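Student: pasting the structure only:
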């Protein structure tokens, strides 16, 4: 799936039906000086996707999202996303028969909302299942990168960064075999405790009494031989489980080691493309192990720096962005949104982001919402927004356009 069309009707600053068509399969930028008109395009997208962790499309009464809150001749709102669905390997399950898929979300007076799929009424859960089947995880969005995530990554502790790498390793789905092994061992341990309980409370006291008639001694003495032979065989069965667990802990540590090397390699190459001549790596802090966590180390130019605090604002954004993007491959999504990440960035830096997208993220659709104007001017498709007449208007352009 990839966005081909977005229609915004009676929603926030978009008073009149606005058909925004021509979305590029790889790289779109939303630009211009109309801050509200730009941001409302992202709002409209997140509103249809059902994003619940974005304050700008959240309200006690969603009538607030209708243009002028329903008081200026528009009493309903509608947003539609149209997706191309020709690539059947990336189709939502259960919708493969559609060459295109449209999802519409409506607001009426009072704030109740409804959904349509391909123009027909649809349950909210049907819409959410569709998006989740193509890895647009509305529950915990992987595909939306805001300034807050950049700041959060910049402030993570070594333990928190290693958590990301552990999380990316994909070995908690490995863990299922480990905890099945653990309780087949706990059952083995249980038998050992009841073997020693029998000896302690029953066999050994009786043998000591019988030894201080003569046929009863050897009857109990054989039972002490029985459970001893049993205790031995249980210990060795339990040991085979201990080896099984030892091998899964080994697979765990190798998978993480491999993930660390993959992320660290991509992270440093990405940062070198966003800040040419520079480099970065993920390393344990100093004289510490890998499971005490990983910290970001930066080489500005050819010189390694002791702390991230020594980087400019723009360099800091680029290093966090490079790590975020190096990790996308482990929770991949068919579209990615970079929302207003350019506050501290030069124009050359944002041009570098565009070439990174075009060369390294083929097969995904990027949508970049520019904070400043004049950035991301090499995007394959440019949507330029400005203010007029109590309604936003959108120009659809390319870098090759004369106007």
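Tutor: Noted; the coordinates are in hand. Residues are numbered from 1 along each chain as shown.

Student: name the SS class of residue 74, please.
Tutor: Reducing the assignment to helix, strand or coil with DSSP: H, G, I helix; E, B strand; the rest coil, the entry for residue 74 is coil.

Student: quick check, central residue of the chain?
Tutor: A centroid search over the chain (C-alpha atoms, centre = their mean) returns residue 142, at 3.0 Å, as the residue closest to the centre.

Student: so that one sits right up against residue 134, yeah?
Tutor: No: in this structure, residue 142 is not within contact of residue 134 by C-beta atoms under 8 Å, at 11.8 Å. C-beta coordinates here come from the backbone N, C-alpha and C atoms, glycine included.

Student: which residues in the stretch 101-250 of the chain form strands?
Tutor: In order along the chain, the stretch 101-250 of the chain carries the following strands (DSSP state E, counting those that start in this stretch): 113-117, 120-122, 144-146.

Student: point out the most buried one among those.
Tutor: Comparing the strands of the stretch 101-250 of the chain by mean neighbour count (mean count of other C-beta atoms under 10 Å), strand 144-146 comes out on top with a mean of 20.

Student: contacts for that one?
Tutor: Strand 144-146 has contacts (C-beta atoms under 8 Å, 6 or more residues apart in numbering) with 46, 51, 321, 324, 325, 336, 337, 338, 339, 340, 341.

Student: tell me which element the third one is part of?
Tutor: I take that to be residue 321. helix 313-327 (DSSP states H and E).

Student: what's the first helix or strand after that helix?
Tutor: Sequence-wise, the next helix or strand beyond helix 313-327 is strand 335-339, with elements assigned using DSSP H and E.

Student: list the buried residues in that next one.
Tutor: Within strand 335-339, the residues that qualify as buried by neighbour count (16 or more other C-beta atoms under 10 Å) are 335, 336, 337, 338, 339.

Student: measure the residue lying closest to the first one once chain neighbours are set aside to residue 338 for me?
Tutor: Counting by C-beta to C-beta, 6 or more residues apart in numbering, the nearest residue to residue 335 once its immediate chain neighbours are dropped is residue 365, at 4.2 Å. When C-beta to C-beta, to the nearest Å is the yardstick, residue 365 and residue 338 sit 12 Å from each other.

Student: for residue 134, same thing?
Tutor: 19 Å.

Student: please enumerate the helices of the protein.
Tutor: Secondary structure of the chain, counting by DSSP state H: helices at 35-49, 124-133, 147-154, 158-169, 175-198, 204-210, 214-274, 313-327, 347-360.

Student: show me what the last one packs onto, helices and strands only.
Tutor: When contacts are defined as 3 or more C-beta pairs under 8 Å, 6 or more residues apart in numbering; DSSP states H and E, helix 347-360 sits against strand 27-32, helix 214-274, helix 313-327, strand 365-369.

Student: the shortest one packs against which elements?
Tutor: Right, the one you point to is strand 365-369. If you count contacts as 3+ C-beta pairs under 8 Å, 6+ apart, strand 365-369 packs onto strand 2-9, strand 27-32, helix 35-49, strand 335-339, helix 347-360.

Student: and the gap between the residue nearest to residue 158 when sequence neighbours are not counted and residue 252?
Tutor: Leaving out its chain neighbours, the residue that sits closest to residue 158 by C-beta to C-beta, 6+ apart is residue 293, at 3.0 Å. With distances taken as C-beta to C-beta, residue 293 is found 16 Å from residue 252.

Student: more neighbours: which of those two?
Tutor: Residue environment comparison for residue 293 versus residue 252 gives the larger neighbour count to residue 293, 20 against 17, counting by other C-beta atoms under 10 Å.

Student: I'd say that one and residue 164 touch.
Tutor: No: counting by C-beta under 8 Å, residue 293 does not reach residue 164; the two are 10.1 Å apart.

Student: turn the strands of the stretch 101-250 of the chain into a markdown table, columns for distance to residue 284.
Tutor: Conversion of the strands of the stretch 101-250 of the chain to a markdown table gives the following (distance: least, C-beta to C-beta, whole Å):
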| stretch | distance to residue 284 |
| --- | --- |
| strand 113-117 | 48 |
| strand 120-122 | 50 |
| strand 144-146 | 26 |
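
Student: out of the ones you listed, nearest to residue 98?
Tutor: Of all the strands of the stretch 101-250 of the chain, it is strand 113-117 that lies closest to residue 98, at 9.1 Å by C-beta to C-beta.

Student: now the angle from the closest one to helix 35-49?
Tutor: 70 degrees (axes from the mean of the first three to the mean of the last three C-alpha atoms, to 10 degrees).

Student: pull the distance from strand 113-117 to the chain's centre.
Tutor: 26 Å (C-alpha atoms, centre = their mean, to the nearest Å).

Student: got the helices of the chain as TSV, with distance to residue 24 columns?
Tutor: As requested, those are arranged in TSV below (distance: least, C-beta to C-beta, whole Å):
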stretch	distance to residue 24
helix 35-49	15
helix 124-133	21
helix 147-154	24
helix 158-169	28
helix 175-198	41
helix 204-210	82
helix 214-274	21
helix 313-327	19
helix 347-360	10
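
Student: which one of those lies nearest to residue 286?
Tutor: Shortest separation from residue 286 across these is recorded for helix 158-169, at 10.1 Å, computed as C-beta to C-beta.

Student: follow-up on the earlier one: tell me which of the helices and strands packed on strand 365-369 sits most buried.
Tutor: Highest mean neighbour count of the helices and strands packed on strand 365-369: strand 27-32, a mean of 24 (counted as mean count of other C-beta under 10 Å).

Student: ok, it: who's next to it in the sheet?
Tutor: Strand 27-32 has its sheet partners listed here by DSSP bridges as strand 365-369 (parallel), strand 381-388 (parallel).

Student: please identify the most buried of those.
Tutor: The highest average neighbour count among these, using mean count of other C-beta under 10 Å, belongs to strand 365-369 at a mean of 24.

Student: redo the contacts of strand 144-146 as TSV? Include distance to residue 359.
Tutor: What follows is the contacts of strand 144-146, written out as TSV (distance: C-beta to C-beta, whole Å):
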residue	distance to residue 359
46	28
51	29
321	16
324	18
325	12
336	15
337	19
338	16
339	22
340	23
341	19
